[PDB]
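Reading through the structure tokens given below for one structure.
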Ligand SMILES: *[C@@H]1O[C@H](CO)[C@@H](O[C@@H]2O[C@H](CO)[C@@H](O[C@@H]3O[C@H](CO[C@H]4O[C@H](CO)[C@@H](O)[C@H](O)[C@@H]4O)[C@@H](O)[C@H](O[C@H]4O[C@H](CO)[C@@H](O)[C@H](O)[C@@H]4O)[C@@H]3O)[C@H](O)[C@H]2NC(C)=O)[C@H](O)[C@H]1NC(C)=O
Ligand SMILES: *[C@@H]1O[C@H](CO)[C@@H](O)[C@H](O)[C@H]1NC(C)=O
Ligand SMILES: *[C@@H]1O[C@H](CO)[C@@H](O)[C@H](O)[C@H]1NC(C)=O
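Protein chains in written order, with this note's numbering: chain A, 942 to 1127; chain B, 4 to 159; chain C, 35 to 88; chain D, -5 to 47.
Right, here's the structure in full:
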């Protein structure tokens, strides 16, 4: 079955560069374009460009010229995209996709997240029912895994997505009666 | 460039009911337009091509149509698994362009916000509806149970 | 040619290795090129097929 | 010199050694000794792609 396997998540300092890979399996590698699409959380979907692997012909969206470079390894059946001079603007999820034959998109990759190490400060927030909280402040990079009584409390909990300035908080509501692996902290 | 305009950022419908997303190309794309479904956290999935054509494996609920530069994705008998964002694409000419996306929402039964504050001073406005309601804010996706948004405002 | 002297035009035809390659580039399965002047012409038909790796 | 050196080409899914009554070798039908007339096998003539370094 046709599969496009992209590379792991990436974290990069501003001004550096990154190479994302797309590994094609389950079809003749040379018979199809490979497409690259960018998704940022509020710009929707932008088309970066395409590359036709055999002859290494690259076709870019005018807006990405100089930002993005496609290459192809025909022996490893792999297409690489390289992003250079990274800014925060280039933080997004990058997809690679294969056309049904020459135009519209049929098969997509699982996506590669690109973001452009400090420990969290975790604080308790005390106030028919009642609402309590926890504040995780100043943690870099993502992600962070925050549970209440080690998972016991499930319904009533709202854990809010981080806001980069990364600061997330969580509220856990109960009745009146009743870990950041990047920094090695818990 | 060619602009693909999806004027609806959010749609409201109820399960079993019928819903239509519109997309208007800013100049002739002929019938080459595709519709893709992006569910939360997954990769885009292919729904429609040639503007009217069902990609294999796609339920008969989803039907595309086109009149002139107007393209419409119509779902009849909306199911709960149909909660997602919908993108249209003109593949007619380079550069390929996309629509803004239309988030399908399942609405019902409005409500007041439940507010709780904490001394960095945090405020929680929880489980309300509709979505519209040195400061830092955060929202949450529609609640998969009672269909209500919640948010957290941190004031440092 | 509105100029005072002769113009030498160098052009070419692309022969793809596979039919897929033909369509991926040109859409149409069979391409063609006719370059002409008033008194002469050339029509080249490109031919899809494989040639030694170079 | 007419010195001829044979080489096996890897042909696939085609019938080899086609011949004719126009070229009769002996009593039976035939063809140019140095040429190999390839044609269909059953319902197909697979595209033929071969190398001789
Ligand atoms: C129709 O039929 C022809 C003939 O079979 C096919 O053409 C072949 O295509 C293959 C696949 O790419 C070619 O294989 C490649 O050959 C390259 C040329 O190097 C040659 O020269 C050195 C020096 O003499 C020799 O040592 C070597 O053996 C070759 O003779 C290699 O460089 C390539 O190797 C690269 O990729 C491989 C993995 O595939 C890696 O292991 C290597 O490290 C390296 O990066 C590769 O082996 C072959 O040359 C072609 N044959 C000819 C003569 O054209 C067509 O593909 C076929 N058409 C179709 C589409 O069906
Ligand atoms: C291409 O892929 C092959 C096979 O994995 C690998 O051996 C080769 O080094 C790659 N080429 C480069 C240097 O990118
Ligand atoms: C002949 O060609 C076929 C088809 O490409 C290939 O599978 C096979 O290995 C070749 N046979 C021999 C004995 O060289």
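Ideal placement from N, C-alpha and C gives every residue a C-beta, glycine not left out.
For residue 43 (chain D), the shortest C-beta to heavy atom distance toward ligand 1 is below 7 angstroms. Collapsing the DSSP output to three states places residue 99 (chain B) in coil. Counting the other CB atoms within 10 Å of its CB gives residue 129 (chain B) a total of 16 or more, which places it among the buried residues. Annotated as distal: residue 1064 (chain A) and residue 1052 (chain A), with beta-carbon spacing of 8 angstroms or more. Close to chain C, meaning a Cβ-Cβ distance shorter than 8 angstroms, are the following residues of the segment 1035 to 1055 of chain A: 1042, 1043.
Checking the DSSP bridge columns, you'll see residue 76 (chain B) partnered with B:24, B:67.
Ligand 2 approaches residue 1017 (chain A) closely enough that one of its heavy atoms is under 7 angstroms from the residue's Cβ. Straight-line measurement puts the Cα of residue 116 (chain B) at about 25 angstroms from the Cα of residue 87 (chain B).
Taking all protein chains in view, the Cβ of residue 965 (chain A) is crowded by 16 or more other Cβ atoms within 10 Å, so the residue is classified as buried. Where residue 22 (chain D) is concerned, the enclosing beta strand (DSSP E) starts and stops at 22 to 24.
Closest by C-alpha distance to residue 973 (chain A), out of A:995, A:1111, A:963, A:1080, is A:995. For the C-beta of residue 1102 (chain A), the chain B residues within less than 7 angstroms are, from N- to C-terminus, 141. For the set D:7, D:-2, D:21, the Cα lying nearest the Cα of residue 42 (chain D) is the one of D:7. Rounded to whole angstroms, the gap between the alpha carbons of residue 22 (chain D) and residue 12 (chain D) is 12 angstroms.
Residue pairing from DSSP places residue 1014 (chain A) in a beta bridge opposite A:1019.
When only Cα atoms are considered, residue 1094 (chain A) and residue 1107 (chain A) end up about 25 angstroms apart. Of the candidates B:26, B:63, B:123, B:112, B:26 places its Cα closest to the Cα of residue 72 (chain B). A Cβ of chain A is located within less than 8 angstroms of the beta carbon of residue 100 (chain B). The alpha-carbon separation between residue 1013 (chain A) and residue 39 (chain B) amounts to approximately 27 angstroms. Of all residues in the segment 965 to 979 of chain A, only 972, 974 come within less than 7 angstroms of chain C when Cβ atoms are compared, listed by chain position. About 6 angstroms separates the beta carbons of residue 1037 (chain A) and residue 947 (chain A), which is inside the 8 angstroms limit, making them a contact pair. Ligand 3 has a heavy atom closer than 7 angstroms to the beta-carbon of residue 6 (chain D). Among the CB atoms of chain A, one or more fall inside 8 angstroms of the CB of residue 58 (chain C). Here the C-alpha atom of residue 100 (chain B) lies approximately 19 angstroms from the C-alpha atom of residue 55 (chain B). Contacts with chain A at 8 angstroms (Cβ-Cβ) include residue 61 (chain C). Residue pairing by DSSP places residue 1000 (chain A) opposite A:991 in a beta bridge. Here residue 149 (chain B) is not near residue 43 (chain B), since their CB atoms are 8 angstroms or more apart.
Residue 1120 (chain A) has its alpha-carbon roughly 12 angstroms from the corresponding atom of residue 1059 (chain A). Looking only at B:83, B:104, B:4, the smallest Cα-Cα distance to residue 146 (chain B) is reached by B:83. Per DSSP, the unbroken beta strand (DSSP E) holding residue 32 (chain D) starts and ends at 31 to 34.
A Cβ-Cβ distance of about 25 angstroms is found for the pair residue 1041 (chain A) and residue 1033 (chain A), leaving them out of contact under the 8 angstroms criterion. Interface flag for residue 993 (chain A) against chain C is set, since a Cβ pair is found closer than 8 angstroms.
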